[PDB]
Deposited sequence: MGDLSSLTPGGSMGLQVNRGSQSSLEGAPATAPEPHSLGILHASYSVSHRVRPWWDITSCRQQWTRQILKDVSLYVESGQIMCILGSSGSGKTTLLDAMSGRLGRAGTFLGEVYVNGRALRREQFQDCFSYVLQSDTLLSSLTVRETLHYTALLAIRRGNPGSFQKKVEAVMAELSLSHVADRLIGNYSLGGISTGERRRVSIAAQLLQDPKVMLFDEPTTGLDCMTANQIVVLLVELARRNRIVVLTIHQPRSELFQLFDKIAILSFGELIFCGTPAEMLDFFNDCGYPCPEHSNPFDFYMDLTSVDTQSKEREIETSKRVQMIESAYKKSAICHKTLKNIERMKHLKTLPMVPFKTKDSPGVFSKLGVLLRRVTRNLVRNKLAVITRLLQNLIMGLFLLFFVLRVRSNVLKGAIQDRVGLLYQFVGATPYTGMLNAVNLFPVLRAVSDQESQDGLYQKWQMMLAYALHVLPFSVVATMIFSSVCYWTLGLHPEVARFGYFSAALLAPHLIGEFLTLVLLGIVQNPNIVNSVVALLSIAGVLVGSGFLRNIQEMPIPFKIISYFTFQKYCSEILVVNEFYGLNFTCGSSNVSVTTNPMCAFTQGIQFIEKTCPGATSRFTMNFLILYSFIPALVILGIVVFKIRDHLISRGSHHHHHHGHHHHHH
């Protein structure tokens, strides 16, 4: 039988103070505590997630602090799942990211087994979605998370408040499911906030934490007997969980009450240290350490596949999650189209046959395009990424993949949709506006507006990789796009006359090269009329030389500068996600 033993664990200002527990296979241990108890810290320490003390012996062998992730599973109360996916597909993607054996038959077998074990066969082909719109219930989402964790075939599983956020019936069902999972030769250690009275006899061991001190840990019957011999018998109809939580909590509403409660908690802790239960726990730990008979430490199923395999799996998963959400696809494919239609409603054509509004309207259209394409990219990114970022943050601590891989997959799957949306918007608006009708100029315009879309999208991706709140990222990218289209482009400031600092800043902005490309493509081969104050630019070449003198000979150079700005932003996002995964 497997066994887990934590001896003299400490963590630091000091969160843990000599915590020692002992669980066996087939038993389920629950841990209770107050706001500042530190049970979550103990769970993260056991799962291997600044200085940590104590030892963790699994089946006798002492595990190093780098072998905890490949031995323990950790289920969080966040329950971050993709809405536009089915249970079977989600578990298949998890198995592919975790296991790499061969034909999909083995993965299908594992998924079917982990679904039949947790009663997920009836919702196997149902979309996750949201519980308040027609999707699976919260208990079903928790079961899906537990199945995704069990796909690695573990033996020791920790749960960080699996009943928080659920109703009483769903919480009781989840507790019963965890009990049945523990009964199948598995160690289960879970935390709870306020358990009901019917769960008291369900757990095999009940530990209590108070400010990092282990006040008690033992059998519920032993719990009742120990608390009775200490001078505090649990009253009838008192929910021993609540009574023993109020007995071992430090009430901080005054300075006398705090001292009294601390003294009582210290008295109970000293009585427990002098009790035979702690001695028996330490004796069992030393015995199963020096037994030299237990089997080896049960580790995970398999190794991890290559970087390319995980990248392709995440790409397929994100693509399937995107193409099944009609609203997301519609937004991605129609944001630029809506912007172009809003502009066309005001312009309705360029009157390039008279200087009264020709250059004015053309400059306005180019400025609006350059200022709005990164805005649409930022909108798409800030609207579609955060859930993927949350899922990546949840699944990277489990050892499945890296966050930069998820970011690269996101870029790869938003590339074609952005290309298609830019092509649609251009083919709709370019010919309707009457901007230098030609096919080569059409393609140049399409590419020169497709580049800033991806540029802004990747900048927003980077900022979401660093900054958590999407609204701050939205506002920052909007202000940056405004400043770049103001300073970078030569529409409003005549770059060859702006101050030196702004002239240098303009060289680092993509808006400058984008506007140069658009001006060279739009103002080259046409003439104007007015049949002196503004009619000295009857030829487009004069306006070109006025705005950007030598931009006609820098077409390919500006295109290359933009298409090198794009991958530079991609690599910056990679490094930013590395810093993120090391900083969370």
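Of the deposited sequence, the ranges 1 to 34, 47 to 65, 103 to 106, 589 to 596, 650 to 666 have no C-alpha coordinates according to the record.
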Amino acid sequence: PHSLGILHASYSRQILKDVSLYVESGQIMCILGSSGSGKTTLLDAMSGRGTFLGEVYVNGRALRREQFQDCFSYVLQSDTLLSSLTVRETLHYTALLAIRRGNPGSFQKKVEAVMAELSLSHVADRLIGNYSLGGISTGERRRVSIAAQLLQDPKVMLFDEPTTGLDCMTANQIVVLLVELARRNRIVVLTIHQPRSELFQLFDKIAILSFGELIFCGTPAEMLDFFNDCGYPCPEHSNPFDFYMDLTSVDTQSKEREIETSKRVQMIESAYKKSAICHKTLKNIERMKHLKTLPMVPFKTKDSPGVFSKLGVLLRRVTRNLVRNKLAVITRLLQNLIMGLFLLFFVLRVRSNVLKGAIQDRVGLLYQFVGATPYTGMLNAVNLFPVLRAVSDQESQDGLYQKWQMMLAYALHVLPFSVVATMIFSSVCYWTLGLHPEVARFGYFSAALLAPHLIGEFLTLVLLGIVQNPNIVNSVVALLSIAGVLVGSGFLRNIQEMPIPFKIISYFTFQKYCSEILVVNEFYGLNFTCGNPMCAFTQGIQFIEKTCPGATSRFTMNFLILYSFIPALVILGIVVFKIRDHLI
From here on, numbers count along this sequence of modelled residues.
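Of the other structures of this protein that model both sides of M534, a third or more give it no coordinates.
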